[PDB]
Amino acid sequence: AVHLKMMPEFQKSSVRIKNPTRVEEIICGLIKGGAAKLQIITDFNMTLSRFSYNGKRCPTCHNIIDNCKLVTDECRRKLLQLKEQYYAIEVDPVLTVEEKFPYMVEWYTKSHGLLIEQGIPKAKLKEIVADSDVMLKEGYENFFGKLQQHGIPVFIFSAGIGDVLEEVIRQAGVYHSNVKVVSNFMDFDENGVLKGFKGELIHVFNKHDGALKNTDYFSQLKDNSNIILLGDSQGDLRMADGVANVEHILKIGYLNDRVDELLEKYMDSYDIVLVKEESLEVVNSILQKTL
C-alpha cells in the first residue's frame, strides 16, 4: 500500500493535497503498471523551469529573447511593459478562462510581432540561451535521467517558444530521445532571420486544441495508460485531452503566484498542488517508486 504519511517529501509545507486517499490510490495504480504503462505530459515554463530563485523572478522562454543582446533597449522596454500588462490578466483570480482567452491571443500577437520586427537570427539562439538567466527546477537531472533510463515517453507541451525550449534542454544535457517537444516554433527566412511562427498559435488557454492535434503521437502510446501530468496553469489541465486510453492519471500543479486567492481552485483541479516550490522532488519520489 501507498501511505503518504510515510513519505517525507509529501509532508513538506509546500505540498497541498485535497484528497490524500485518492492520491494514494492513483500512485498505487502507477506503481502497479510500472514503466511499461507510464507516460509523462508536462508544461515547460514555471513547471520544469523555476519561477524564481533567491527572490528574483526567472525568465520564461519568451523572456530569454526579451532580455538578450539581440533585442534593443527600446524593444525590451516595450516587451517588459507587455508582460506586466498581460501577465496580470493571465494570473487574475477574478477572470474566467474564457474571459482571459482573447487577451492571451492579443499578448502573443503583440509579442511575436515585436520579436519579428527585431529579426532574431537563428544562428544566435545557442549564445542567447547560454547567456540567459534560465534555470531548471532542482532535481531536473534525475527527473529526465530516470525517465530516459526506462524509456518513458515525455511530451513537453509548451505555449512558449519551441526553439528556445529545445536549446535550454539541449544545453542542460537532458534532451534525450524519449522527449517530444510541441510548442510555437520559429519560422526563419532564407537569411536565417525570424519572419514568423509555424503552425497554429499555442497560448496559455488553448492547449486543449493542440492536445487533439497530436494523434500520431498519442495513438502510438495506447499501452501507456498511466499518465503523470505536470503544470502551473489552469490551462495545463487540458494537456492530456488527446491521450488514447487513460487508466490512472495524476495531475501535479505548481502554484507560483496569487497563492491565497488561487489555492482552492488549484486544490480542486490538481491532485497535488506544490506551493512556491522550486524542485521536482515530489514527482521524482513517485518515479522512484514506480520505475
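For every residue, the number given is its place in the sequence shown, counted from 1.
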Test of understanding: from the entry's C-alpha B-factors, which stretch has the higher mean, 140-148 or 98-106?
98-106
Looking at the entry, does 129-137 or 176-184 show the higher mean C-alpha B-factor?
129-137
Looking at the C-alpha B-factor values in the deposited entry, which of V204, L194, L201, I161 comes out highest?
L194
Going by the entry, which of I89, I169, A211, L114 has the most elevated CA B factor?
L114
Assigned third (lowest, middle, highest) for the C-alpha B factor of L230:
lowest
Is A244 in the lowest, middle or highest third of its chain when residues are ranked by C-alpha B-factor?
highest
Ranking every modelled residue in this chain by its Cα temperature factor as given in the entry, which third contains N19?
lowest
Ranking the modelled residues of this chain by C-alpha B-factor as given in the entry, is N54 in the lowest, middle or highest third?
highest
Among the chain's modelled residues, which third holds the C-alpha B-factor of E261?
middle
